[PDB]
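The structure appears right after this line, and notes come after that.
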Number of protein chains: 6
Amino acid sequence: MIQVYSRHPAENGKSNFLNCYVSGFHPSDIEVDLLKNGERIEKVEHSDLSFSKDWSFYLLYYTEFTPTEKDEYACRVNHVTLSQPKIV
Amino acid sequence: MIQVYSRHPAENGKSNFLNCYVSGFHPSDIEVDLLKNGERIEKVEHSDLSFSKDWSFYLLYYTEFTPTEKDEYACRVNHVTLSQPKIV
Amino acid sequence: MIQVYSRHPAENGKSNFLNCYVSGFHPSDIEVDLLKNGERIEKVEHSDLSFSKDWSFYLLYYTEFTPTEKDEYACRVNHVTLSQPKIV
Amino acid sequence: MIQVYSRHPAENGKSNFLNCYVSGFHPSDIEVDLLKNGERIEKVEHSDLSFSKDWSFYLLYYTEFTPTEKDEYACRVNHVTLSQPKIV
Amino acid sequence: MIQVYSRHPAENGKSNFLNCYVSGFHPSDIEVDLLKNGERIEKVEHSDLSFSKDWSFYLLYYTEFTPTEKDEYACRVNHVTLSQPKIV
Amino acid sequence: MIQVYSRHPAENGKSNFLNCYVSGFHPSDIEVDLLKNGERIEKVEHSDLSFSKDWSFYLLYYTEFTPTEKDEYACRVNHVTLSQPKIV
């Protein structure tokens with residue numbers, strides 16, 4: 001029983017990894033305005049400019065939270081497994 | 001029983017990985033305005049400019065959350081498995 | 001029983017890893033304003049400009065939090081496992 | 001209000017003349033501009049003005065470079081005269 | 001208010017003349033600009049003006065570099081005259 | 001209010017002339033600028049003006065560098081004259 005694993009790659013260049021995993025709440029480039037340039041305005045009342053309310057990543061009420069999760073977050077992954085079982 | 005695995009690639013160049021995985025709430029390039037340029041305006045009242053309400057990635061009420069999940073997030077993945085079982 | 005693992009790669013270049021894992025609440029490039037340039041304004045009242053309310057990453061009410069999770073967060077990962085069991 | 005008074009009255013024999021041998025990368029008199037004269041501009045986003053990325057005169061992969069050359073660069077220039085008199 | 005008075009009246013034999021051998025990377029008279037003259041500009045974001053990244057004259061991978069050359073650079077220039085008289 | 005009075009009246013034989021052998025990386029007269037003249041600008045963010053990154057004349061990987069050369073650089077220049085008289 002012979003099991004041979006040979007790996008010798010040549011990477012002739014530079015490697016660049018950016019923003020491998022992005023998730024969650026990330027809004028961007030949002031502009032909200034009221035009366036940006038205002039001239040001769042008699043009255044402004046009851047202006048409501050609220051971007052967001054309460055923030056909570058995990059909100060649970062009377063909950064049974066039992067997840068079984070195996071995860072692997074990365075940019076470059078190498079997984080190699082050699083098995084040579086012998087049973088008599 | 002002979003099991004041979006030979007891998008020797010040549011990568012003649014540079015590699016660029018960007019934004020491999022994007023998910024979630026990410027709105028962009030949104031503009032909301034009221035009376036951008038305002039001249040001789042007698043009255044502005046009851047203006048409602050709210051981008052969003054409460055934020056919550058996980059919201060569970062009386063829930064049984066039992067997911068069994070194996071996941072692999074990456075940009076470049078290499079998975080190799082050699083098996084040579086012998087049973088008598 | 002012979003099990004040989006040979007790995008000798010050549011990386012002819014520089015490696016750059018940036019922002020491997022980003023998550024959570026990260027909003028950016030958001031501008032909210034009211035009456036940016038204001039001239040001859042008689043009255044401004046009841047202005048509400050609140051970006052966010054209470055912040056809480058984990059909020060649990062009457063909850064049983066029992067997750068079984070094995071995770072591996074990284075930029076570059078190398079996982080190698082050689083097994084050669086013998087049973088008689 | 002933007003007022004620009006730019007004048008380039010006189011040029012005599014500006015560049016690249018009376019040369020025996022010219023080669024390589026020599027671009028000249030190239031102008032790249034975005035919003036050269038701008039007034040009351042609200043938002044400029046995501047502008048890419050990269051001229052070039054990589055400069056490599058010799059880039060060889062698994063190559064056998066054996067050029068044989070005999071070159072004689074013998075130019076002869078006689079009685080060159082450049083005159084730019086200015087009288088005020 | 002921006003007022004600019006720029007004048008470049010006289011140039012005589014500016015560059016790259018009477019040369020026996022010119023080679024390599026020699027770009028000239030290249031202008032790259034963004035919003036050269038700007039008034040009342042609110043937001044400038046994410047501007048990339050990178051001219052170049054990497055300068056490598058000899059970049060070889062697994063190469064056999066054996067150039068044989070005999071070169072004679074013998075130019076002859078006689079009686080060159082440059083005159084730029086100015087009278088005020 | 002920005003007022004700029006810049007004048008460059010006279011240049012005679014500026015650069016790179018009467019040279020026997022010129023090579024390599026020699027860019028000249030390159031101007032890169034962002035918002036050269038700016039008034040009442042609110043926000044400038046994330047500006048990249050990197051000219052270059054890495055300068056390597058000889059970059060070799062697993063290379064056999066055996067160049068054989070015989071070069072004679074013998075230029076002859078006679079009676080060069082540069083005159084820039086100024087009378088006020």
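Residue numbering restarts at 1 for every chain of the structure tokens, chains are lettered A, B, ... in their displayed order, and ligands are numbered from 1 as they appear.
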
Find the residues near residue 2 in chain D: any atom within 7 Å, counting only C-alpha atoms, skip ones fewer than 3 places away on the same chain, and give them as a VMD selection string. chain E and resid 1 to 3

Per-residue nearest contacts of chain D to chain F (9 Å; only C-alpha atoms) as CSV:
```
residue,atom,partner,partner_atom,distance
D:26,CA,F:27,CA,8.5
D:36,CA,F:35,CA,9.0
D:53,CA,F:52,CA,8.6
D:54,CA,F:52,CA,8.9
D:66,CA,F:67,CA,8.8
D:74,CA,F:75,CA,8.8
```

After fit on chain A (all C-alpha, ordered pairs), chain F as a JSON list (two decimals) with N, CA, C and O atoms, in the first residue's frame:
```json
[["chain", "number", "residue", "atom", "x", "y", "z"],
["F", 1, "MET", "N", -7.64, 66.60, -9.79],
["F", 1, "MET", "CA", -7.33, 65.34, -10.46],
["F", 1, "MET", "C", -7.13, 64.22, -9.44],
["F", 1, "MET", "O", -6.28, 64.31, -8.57],
["F", 2, "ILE", "N", -7.94, 63.17, -9.57],
["F", 2, "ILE", "CA", -7.86, 62.00, -8.69],
["F", 2, "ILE", "C", -7.56, 60.78, -9.55],
["F", 2, "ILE", "O", -8.30, 60.48, -10.49],
["F", 3, "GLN", "N", -6.48, 60.08, -9.21],
["F", 3, "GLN", "CA", -6.08, 58.87, -9.91],
["F", 3, "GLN", "C", -5.87, 57.76, -8.88],
["F", 3, "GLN", "O", -5.08, 57.92, -7.95],
["F", 4, "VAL", "N", -6.57, 56.65, -9.06],
["F", 4, "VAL", "CA", -6.57, 55.55, -8.10],
["F", 4, "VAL", "C", -6.26, 54.26, -8.84],
["F", 4, "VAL", "O", -6.95, 53.91, -9.80],
["F", 5, "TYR", "N", -5.22, 53.55, -8.39],
["F", 5, "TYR", "CA", -4.82, 52.27, -8.96],
["F", 5, "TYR", "C", -4.95, 51.21, -7.87],
["F", 5, "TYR", "O", -4.06, 51.04, -7.04],
["F", 6, "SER", "N", -6.07, 50.49, -7.88],
["F", 6, "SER", "CA", -6.36, 49.45, -6.90],
["F", 6, "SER", "C", -6.50, 48.11, -7.60],
["F", 6, "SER", "O", -7.29, 47.99, -8.55],
["F", 7, "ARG", "N", -5.75, 47.11, -7.14],
["F", 7, "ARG", "CA", -5.77, 45.78, -7.74],
["F", 7, "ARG", "C", -5.88, 44.72, -6.66],
["F", 7, "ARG", "O", -5.22, 44.81, -5.62],
["F", 8, "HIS", "N", -6.73, 43.72, -6.90],
["F", 8, "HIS", "CA", -6.93, 42.59, -5.99],
["F", 8, "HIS", "C", -6.80, 41.30, -6.78],
["F", 8, "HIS", "O", -7.81, 40.66, -7.13],
["F", 9, "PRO", "N", -5.57, 40.88, -7.09],
["F", 9, "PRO", "CA", -5.39, 39.81, -8.09],
["F", 9, "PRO", "C", -5.90, 38.44, -7.69],
["F", 9, "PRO", "O", -6.66, 37.83, -8.46],
["F", 10, "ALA", "N", -5.53, 37.91, -6.52],
["F", 10, "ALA", "CA", -5.72, 36.49, -6.23],
["F", 10, "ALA", "C", -6.37, 36.28, -4.88],
["F", 10, "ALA", "O", -5.93, 36.84, -3.87],
["F", 11, "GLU", "N", -7.42, 35.46, -4.86],
["F", 11, "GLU", "CA", -8.09, 35.01, -3.64],
["F", 11, "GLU", "C", -8.38, 33.53, -3.78],
["F", 11, "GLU", "O", -8.91, 33.09, -4.81],
["F", 12, "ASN", "N", -8.04, 32.75, -2.75],
["F", 12, "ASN", "CA", -8.24, 31.31, -2.76],
["F", 12, "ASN", "C", -8.93, 30.90, -1.46],
["F", 12, "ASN", "O", -8.36, 31.08, -0.38],
["F", 13, "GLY", "N", -10.14, 30.35, -1.57],
["F", 13, "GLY", "CA", -10.90, 29.96, -0.40],
["F", 13, "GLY", "C", -11.10, 31.10, 0.56],
["F", 13, "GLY", "O", -10.60, 31.06, 1.69],
["F", 14, "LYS", "N", -11.82, 32.14, 0.13],
["F", 14, "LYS", "CA", -11.88, 33.38, 0.90],
["F", 14, "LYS", "C", -12.52, 33.15, 2.27],
["F", 14, "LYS", "O", -11.90, 33.42, 3.31],
["F", 15, "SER", "N", -13.75, 32.64, 2.31],
["F", 15, "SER", "CA", -14.42, 32.54, 3.60],
["F", 15, "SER", "C", -15.57, 31.55, 3.55],
["F", 15, "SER", "O", -16.07, 31.19, 2.49],
["F", 16, "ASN", "N", -15.98, 31.12, 4.75],
["F", 16, "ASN", "CA", -17.18, 30.31, 4.98],
["F", 16, "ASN", "C", -17.19, 29.04, 4.14],
["F", 16, "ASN", "O", -18.03, 28.84, 3.27],
["F", 17, "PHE", "N", -16.23, 28.15, 4.42],
["F", 17, "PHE", "CA", -16.21, 26.84, 3.79],
["F", 17, "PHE", "C", -15.78, 25.79, 4.81],
["F", 17, "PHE", "O", -15.10, 26.08, 5.79],
["F", 18, "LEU", "N", -16.20, 24.55, 4.55],
["F", 18, "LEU", "CA", -15.86, 23.39, 5.38],
["F", 18, "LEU", "C", -16.27, 23.61, 6.84],
["F", 18, "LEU", "O", -15.51, 23.36, 7.77],
["F", 19, "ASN", "N", -17.50, 24.07, 7.02],
["F", 19, "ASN", "CA", -18.05, 24.38, 8.34],
["F", 19, "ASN", "C", -19.20, 23.43, 8.65],
["F", 19, "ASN", "O", -20.07, 23.20, 7.81],
["F", 20, "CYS", "N", -19.18, 22.87, 9.86],
["F", 20, "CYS", "CA", -20.23, 21.93, 10.26],
["F", 20, "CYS", "C", -21.56, 22.64, 10.47],
["F", 20, "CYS", "O", -22.60, 22.15, 10.00],
["F", 21, "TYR", "N", -21.56, 23.78, 11.16],
["F", 21, "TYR", "CA", -22.80, 24.47, 11.50],
["F", 21, "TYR", "C", -22.56, 25.97, 11.52],
["F", 21, "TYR", "O", -21.73, 26.44, 12.31],
["F", 22, "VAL", "N", -23.28, 26.71, 10.68],
["F", 22, "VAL", "CA", -23.20, 28.16, 10.63],
["F", 22, "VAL", "C", -24.61, 28.72, 10.79],
["F", 22, "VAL", "O", -25.54, 28.26, 10.11],
["F", 23, "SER", "N", -24.76, 29.71, 11.66],
["F", 23, "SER", "CA", -26.05, 30.34, 11.89],
["F", 23, "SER", "C", -25.82, 31.75, 12.42],
["F", 23, "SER", "O", -24.68, 32.17, 12.64],
["F", 24, "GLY", "N", -26.91, 32.47, 12.61],
["F", 24, "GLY", "CA", -26.84, 33.83, 13.11],
["F", 24, "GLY", "C", -26.80, 34.86, 12.01],
["F", 24, "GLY", "O", -27.12, 34.60, 10.84],
["F", 25, "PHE", "N", -26.42, 36.07, 12.40],
["F", 25, "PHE", "CA", -26.32, 37.20, 11.48],
["F", 25, "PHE", "C", -24.88, 37.30, 10.98],
["F", 25, "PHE", "O", -23.99, 37.73, 11.72],
["F", 26, "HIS", "N", -24.65, 36.91, 9.73],
["F", 26, "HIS", "CA", -23.31, 36.97, 9.13],
["F", 26, "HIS", "C", -23.40, 37.43, 7.68],
["F", 26, "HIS", "O", -23.14, 36.67, 6.74],
["F", 27, "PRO", "N", -23.76, 38.70, 7.46],
["F", 27, "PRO", "CA", -23.64, 39.26, 6.11],
["F", 27, "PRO", "C", -22.19, 39.57, 5.78],
["F", 27, "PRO", "O", -21.41, 39.97, 6.64],
["F", 28, "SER", "N", -21.83, 39.38, 4.51],
["F", 28, "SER", "CA", -20.45, 39.55, 4.09],
["F", 28, "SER", "C", -20.39, 40.19, 2.71],
["F", 28, "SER", "O", -21.33, 40.09, 1.91],
["F", 29, "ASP", "N", -19.26, 40.85, 2.43],
["F", 29, "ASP", "CA", -18.98, 41.46, 1.13],
["F", 29, "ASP", "C", -20.04, 42.48, 0.74],
["F", 29, "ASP", "O", -20.52, 42.51, -0.40],
["F", 30, "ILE", "N", -20.41, 43.34, 1.68],
["F", 30, "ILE", "CA", -21.40, 44.39, 1.46],
["F", 30, "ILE", "C", -20.69, 45.73, 1.51],
["F", 30, "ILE", "O", -20.03, 46.06, 2.51],
["F", 31, "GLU", "N", -20.81, 46.51, 0.44],
["F", 31, "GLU", "CA", -20.19, 47.82, 0.33],
["F", 31, "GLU", "C", -21.25, 48.88, 0.09],
["F", 31, "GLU", "O", -22.01, 48.80, -0.87],
["F", 32, "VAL", "N", -21.29, 49.88, 0.97],
["F", 32, "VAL", "CA", -22.20, 51.01, 0.86],
["F", 32, "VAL", "C", -21.36, 52.28, 0.88],
["F", 32, "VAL", "O", -20.61, 52.51, 1.84],
["F", 33, "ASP", "N", -21.48, 53.10, -0.16],
["F", 33, "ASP", "CA", -20.67, 54.30, -0.27],
["F", 33, "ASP", "C", -21.46, 55.38, -0.98],
["F", 33, "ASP", "O", -22.34, 55.10, -1.80],
["F", 34, "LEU", "N", -21.15, 56.63, -0.64],
["F", 34, "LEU", "CA", -21.76, 57.79, -1.27],
["F", 34, "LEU", "C", -20.66, 58.72, -1.73],
["F", 34, "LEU", "O", -19.83, 59.15, -0.92],
["F", 35, "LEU", "N", -20.66, 59.04, -3.02],
["F", 35, "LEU", "CA", -19.65, 59.91, -3.63],
["F", 35, "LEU", "C", -18.24, 59.42, -3.31],
["F", 35, "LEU", "O", -17.43, 60.13, -2.72],
["F", 36, "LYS", "N", -17.97, 58.18, -3.72],
["F", 36, "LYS", "CA", -16.67, 57.57, -3.43],
["F", 36, "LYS", "C", -15.53, 58.40, -4.01],
["F", 36, "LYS", "O", -14.53, 58.65, -3.33],
["F", 37, "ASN", "N", -15.65, 58.83, -5.26],
["F", 37, "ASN", "CA", -14.68, 59.71, -5.90],
["F", 37, "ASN", "C", -15.38, 61.00, -6.29],
["F", 37, "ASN", "O", -16.23, 61.01, -7.18],
["F", 38, "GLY", "N", -15.01, 62.10, -5.62],
["F", 38, "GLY", "CA", -15.66, 63.37, -5.85],
["F", 38, "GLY", "C", -14.71, 64.53, -6.06],
["F", 38, "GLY", "O", -13.73, 64.67, -5.33],
["F", 39, "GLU", "N", -14.98, 65.36, -7.07],
["F", 39, "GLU", "CA", -14.16, 66.52, -7.37],
["F", 39, "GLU", "C", -15.06, 67.73, -7.58],
["F", 39, "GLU", "O", -16.06, 67.65, -8.31],
["F", 40, "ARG", "N", -14.72, 68.84, -6.93],
["F", 40, "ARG", "CA", -15.44, 70.11, -7.09],
["F", 40, "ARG", "C", -16.91, 69.97, -6.70],
["F", 40, "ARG", "O", -17.80, 70.44, -7.41],
["F", 41, "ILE", "N", -17.16, 69.32, -5.58],
["F", 41, "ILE", "CA", -18.51, 69.18, -5.04],
["F", 41, "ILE", "C", -18.75, 70.27, -4.01],
["F", 41, "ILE", "O", -17.96, 70.43, -3.07],
["F", 42, "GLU", "N", -19.83, 71.03, -4.19],
["F", 42, "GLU", "CA", -20.06, 72.20, -3.35],
["F", 42, "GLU", "C", -20.60, 71.83, -1.97],
["F", 42, "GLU", "O", -20.03, 72.24, -0.96],
["F", 43, "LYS", "N", -21.69, 71.06, -1.91],
["F", 43, "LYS", "CA", -22.35, 70.86, -0.63],
["F", 43, "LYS", "C", -22.96, 69.47, -0.53],
["F", 43, "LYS", "O", -23.77, 69.08, -1.38],
["F", 44, "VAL", "N", -22.57, 68.73, 0.50],
["F", 44, "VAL", "CA", -23.15, 67.44, 0.84],
["F", 44, "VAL", "C", -23.81, 67.57, 2.20],
["F", 44, "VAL", "O", -23.13, 67.83, 3.20],
["F", 45, "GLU", "N", -25.13, 67.41, 2.26],
["F", 45, "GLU", "CA", -25.90, 67.66, 3.47],
["F", 45, "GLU", "C", -26.81, 66.49, 3.79],
["F", 45, "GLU", "O", -27.40, 65.88, 2.89],
["F", 46, "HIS", "N", -26.94, 66.19, 5.09],
["F", 46, "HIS", "CA", -27.95, 65.27, 5.61],
["F", 46, "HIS", "C", -27.82, 63.87, 4.99],
["F", 46, "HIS", "O", -28.77, 63.33, 4.43],
["F", 47, "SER", "N", -26.63, 63.29, 5.11],
["F", 47, "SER", "CA", -26.35, 61.95, 4.60],
["F", 47, "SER", "C", -26.46, 60.95, 5.74],
["F", 47, "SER", "O", -25.79, 61.10, 6.77],
["F", 48, "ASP", "N", -27.29, 59.93, 5.56],
["F", 48, "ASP", "CA", -27.48, 58.87, 6.54],
["F", 48, "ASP", "C", -26.98, 57.55, 5.95],
["F", 48, "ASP", "O", -27.55, 57.06, 4.97],
["F", 49, "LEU", "N", -25.93, 57.00, 6.54],
["F", 49, "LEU", "CA", -25.36, 55.73, 6.10],
["F", 49, "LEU", "C", -25.29, 54.72, 7.23],
["F", 49, "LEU", "O", -24.39, 53.87, 7.26],
["F", 50, "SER", "N", -26.22, 54.80, 8.18],
["F", 50, "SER", "CA", -26.24, 53.87, 9.30],
["F", 50, "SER", "C", -26.51, 52.45, 8.83],
["F", 50, "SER", "O", -27.51, 52.19, 8.15],
["F", 51, "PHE", "N", -25.60, 51.54, 9.17],
["F", 51, "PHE", "CA", -25.74, 50.15, 8.75],
["F", 51, "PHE", "C", -26.89, 49.46, 9.47],
["F", 51, "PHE", "O", -27.75, 48.84, 8.85],
["F", 52, "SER", "N", -26.93, 49.58, 10.80],
["F", 52, "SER", "CA", -28.01, 49.01, 11.61],
["F", 52, "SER", "C", -28.10, 49.80, 12.90],
["F", 52, "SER", "O", -27.28, 50.69, 13.17],
["F", 53, "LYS", "N", -29.09, 49.47, 13.73],
["F", 53, "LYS", "CA", -29.29, 50.22, 14.97],
["F", 53, "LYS", "C", -29.08, 49.38, 16.22],
["F", 53, "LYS", "O", -28.21, 49.71, 17.05],
["F", 54, "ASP", "N", -29.83, 48.30, 16.38],
["F", 54, "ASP", "CA", -29.82, 47.50, 17.60],
["F", 54, "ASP", "C", -29.59, 46.03, 17.27],
["F", 54, "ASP", "O", -30.25, 45.49, 16.37],
["F", 55, "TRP", "N", -28.67, 45.39, 17.99],
["F", 55, "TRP", "CA", -28.40, 43.97, 17.84],
["F", 55, "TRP", "C", -28.79, 43.26, 19.13],
["F", 55, "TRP", "O", -28.14, 43.44, 20.17],
["F", 56, "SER", "N", -29.85, 42.45, 19.08],
["F", 56, "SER", "CA", -30.32, 41.68, 20.23],
["F", 56, "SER", "C", -30.61, 40.26, 19.77],
["F", 56, "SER", "O", -31.54, 40.03, 18.98],
["F", 57, "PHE", "N", -29.83, 39.30, 20.26],
["F", 57, "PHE", "CA", -30.04, 37.91, 19.88],
["F", 57, "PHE", "C", -31.31, 37.35, 20.51],
["F", 57, "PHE", "O", -32.08, 36.65, 19.85],
["F", 58, "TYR", "N", -31.54, 37.65, 21.79],
["F", 58, "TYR", "CA", -32.73, 37.21, 22.51],
["F", 58, "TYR", "C", -33.46, 38.44, 23.01],
["F", 58, "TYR", "O", -32.96, 39.15, 23.89],
["F", 59, "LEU", "N", -34.65, 38.70, 22.46],
["F", 59, "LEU", "CA", -35.50, 39.80, 22.89],
["F", 59, "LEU", "C", -36.89, 39.24, 23.17],
["F", 59, "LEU", "O", -37.63, 38.91, 22.23],
["F", 60, "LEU", "N", -37.23, 39.12, 24.45],
["F", 60, "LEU", "CA", -38.46, 38.47, 24.87],
["F", 60, "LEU", "C", -39.25, 39.39, 25.80],
["F", 60, "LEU", "O", -38.67, 40.04, 26.67],
["F", 61, "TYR", "N", -40.56, 39.44, 25.60],
["F", 61, "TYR", "CA", -41.47, 40.21, 26.44],
["F", 61, "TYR", "C", -42.55, 39.29, 26.98],
["F", 61, "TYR", "O", -43.34, 38.74, 26.20],
["F", 62, "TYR", "N", -42.60, 39.14, 28.30],
["F", 62, "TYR", "CA", -43.61, 38.33, 28.98],
["F", 62, "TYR", "C", -43.70, 36.93, 28.36],
["F", 62, "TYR", "O", -44.78, 36.43, 28.04],
["F", 63, "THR", "N", -42.54, 36.31, 28.19],
["F", 63, "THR", "CA", -42.42, 35.06, 27.46],
["F", 63, "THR", "C", -41.99, 33.95, 28.41],
["F", 63, "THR", "O", -41.30, 34.19, 29.41],
["F", 64, "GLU", "N", -42.41, 32.73, 28.09],
["F", 64, "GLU", "CA", -41.94, 31.53, 28.78],
["F", 64, "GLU", "C", -41.12, 30.72, 27.79],
["F", 64, "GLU", "O", -41.67, 30.10, 26.87],
["F", 65, "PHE", "N", -39.80, 30.74, 27.97],
["F", 65, "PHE", "CA", -38.85, 30.16, 27.03],
["F", 65, "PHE", "C", -38.36, 28.84, 27.60],
["F", 65, "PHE", "O", -37.52, 28.82, 28.50],
["F", 66, "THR", "N", -38.87, 27.73, 27.06],
["F", 66, "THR", "CA", -38.51, 26.39, 27.54],
["F", 66, "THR", "C", -38.23, 25.46, 26.36],
["F", 66, "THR", "O", -38.99, 24.52, 26.10],
["F", 67, "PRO", "N", -37.13, 25.68, 25.63],
["F", 67, "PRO", "CA", -36.76, 24.73, 24.57],
["F", 67, "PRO", "C", -35.86, 23.61, 25.07],
["F", 67, "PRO", "O", -34.85, 23.86, 25.74],
["F", 68, "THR", "N", -36.23, 22.37, 24.77],
["F", 68, "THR", "CA", -35.44, 21.20, 25.13],
["F", 68, "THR", "C", -34.84, 20.61, 23.86],
["F", 68, "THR", "O", -35.58, 20.28, 22.92],
["F", 69, "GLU", "N", -33.52, 20.47, 23.83],
["F", 69, "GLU", "CA", -32.84, 19.99, 22.63],
["F", 69, "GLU", "C", -31.63, 19.15, 23.01],
["F", 69, "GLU", "O", -30.94, 19.44, 23.99],
["F", 70, "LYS", "N", -31.39, 18.11, 22.22],
["F", 70, "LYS", "CA", -30.16, 17.32, 22.30],
["F", 70, "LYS", "C", -29.52, 17.30, 20.92],
["F", 70, "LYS", "O", -30.07, 16.70, 19.99],
["F", 71, "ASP", "N", -28.37, 17.95, 20.79],
["F", 71, "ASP", "CA", -27.72, 18.13, 19.49],
["F", 71, "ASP", "C", -26.31, 17.58, 19.53],
["F", 71, "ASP", "O", -25.57, 17.81, 20.49],
["F", 72, "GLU", "N", -25.94, 16.86, 18.48],
["F", 72, "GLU", "CA", -24.60, 16.31, 18.32],
["F", 72, "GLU", "C", -23.99, 16.89, 17.05],
["F", 72, "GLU", "O", -24.46, 16.60, 15.94],
["F", 73, "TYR", "N", -22.95, 17.70, 17.20],
["F", 73, "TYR", "CA", -22.25, 18.31, 16.07],
["F", 73, "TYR", "C", -20.93, 17.57, 15.89],
["F", 73, "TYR", "O", -19.92, 17.91, 16.51],
["F", 74, "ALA", "N", -20.94, 16.54, 15.02],
["F", 74, "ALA", "CA", -19.76, 15.72, 14.78],
["F", 74, "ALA", "C", -19.51, 15.62, 13.27],
["F", 74, "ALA", "O", -19.95, 14.69, 12.59],
["F", 75, "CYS", "N", -18.79, 16.59, 12.72],
["F", 75, "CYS", "CA", -18.33, 16.51, 11.35],
["F", 75, "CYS", "C", -16.93, 15.90, 11.30],
["F", 75, "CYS", "O", -16.17, 15.94, 12.27],
["F", 76, "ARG", "N", -16.59, 15.33, 10.14],
["F", 76, "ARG", "CA", -15.30, 14.69, 9.93],
["F", 76, "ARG", "C", -14.73, 15.16, 8.60],
["F", 76, "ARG", "O", -15.33, 14.93, 7.54],
["F", 77, "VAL", "N", -13.57, 15.81, 8.64],
["F", 77, "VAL", "CA", -12.88, 16.31, 7.46],
["F", 77, "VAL", "C", -11.50, 15.67, 7.41],
["F", 77, "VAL", "O", -10.78, 15.68, 8.41],
["F", 78, "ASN", "N", -11.14, 15.13, 6.25],
["F", 78, "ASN", "CA", -9.88, 14.42, 6.08],
["F", 78, "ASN", "C", -9.13, 14.95, 4.87],
["F", 78, "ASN", "O", -9.72, 15.13, 3.80],
["F", 79, "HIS", "N", -7.82, 15.19, 5.04],
["F", 79, "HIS", "CA", -6.90, 15.46, 3.94],
["F", 79, "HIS", "C", -7.25, 16.73, 3.17],
["F", 79, "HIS", "O", -7.22, 16.76, 1.94],
["F", 80, "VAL", "N", -7.60, 17.80, 3.89],
["F", 80, "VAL", "CA", -7.79, 19.10, 3.26],
["F", 80, "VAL", "C", -6.44, 19.71, 2.92],
["F", 80, "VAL", "O", -5.50, 19.67, 3.73],
["F", 81, "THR", "N", -6.33, 20.29, 1.73],
["F", 81, "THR", "CA", -5.09, 20.90, 1.28],
["F", 81, "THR", "C", -5.39, 22.19, 0.54],
["F", 81, "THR", "O", -6.19, 22.20, -0.40],
["F", 82, "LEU", "N", -4.74, 23.28, 0.96],
["F", 82, "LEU", "CA", -4.83, 24.57, 0.30],
["F", 82, "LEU", "C", -3.43, 25.01, -0.07],
["F", 82, "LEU", "O", -2.57, 25.15, 0.81],
["F", 83, "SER", "N", -3.19, 25.24, -1.35],
["F", 83, "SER", "CA", -1.88, 25.64, -1.85],
["F", 83, "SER", "C", -2.03, 26.88, -2.72],
["F", 83, "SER", "O", -2.88, 26.90, -3.62],
["F", 84, "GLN", "N", -1.21, 27.89, -2.46],
["F", 84, "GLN", "CA", -1.17, 29.11, -3.27],
["F", 84, "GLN", "C", 0.28, 29.50, -3.54],
["F", 84, "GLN", "O", 0.78, 30.50, -3.01],
["F", 85, "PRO", "N", 0.99, 28.72, -4.36],
["F", 85, "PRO", "CA", 2.39, 29.05, -4.66],
["F", 85, "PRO", "C", 2.48, 30.26, -5.59],
["F", 85, "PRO", "O", 1.67, 30.43, -6.50],
["F", 86, "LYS", "N", 3.49, 31.10, -5.34],
["F", 86, "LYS", "CA", 3.75, 32.28, -6.15],
["F", 86, "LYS", "C", 5.20, 32.27, -6.60],
["F", 86, "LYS", "O", 6.11, 32.12, -5.77],
["F", 87, "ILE", "N", 5.42, 32.42, -7.90],
["F", 87, "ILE", "CA", 6.76, 32.44, -8.50],
["F", 87, "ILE", "C", 6.95, 33.78, -9.20],
["F", 87, "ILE", "O", 6.11, 34.18, -10.02],
["F", 88, "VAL", "N", 8.05, 34.46, -8.88],
["F", 88, "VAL", "CA", 8.36, 35.73, -9.50],
["F", 88, "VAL", "C", 9.71, 35.65, -10.21],
["F", 88, "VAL", "O", 10.75, 35.50, -9.56]]
```

Among chain B, which ones does DSSP assign to strand (DSSP E or B) (computed from the backbone)? Answer as number ranges by chain. B: 2-7, 10-12, 15-18, 21-22, 25, 28-34, 37-41, 44-45, 48, 55-61, 64-65, 68-73, 76-83, 86-87
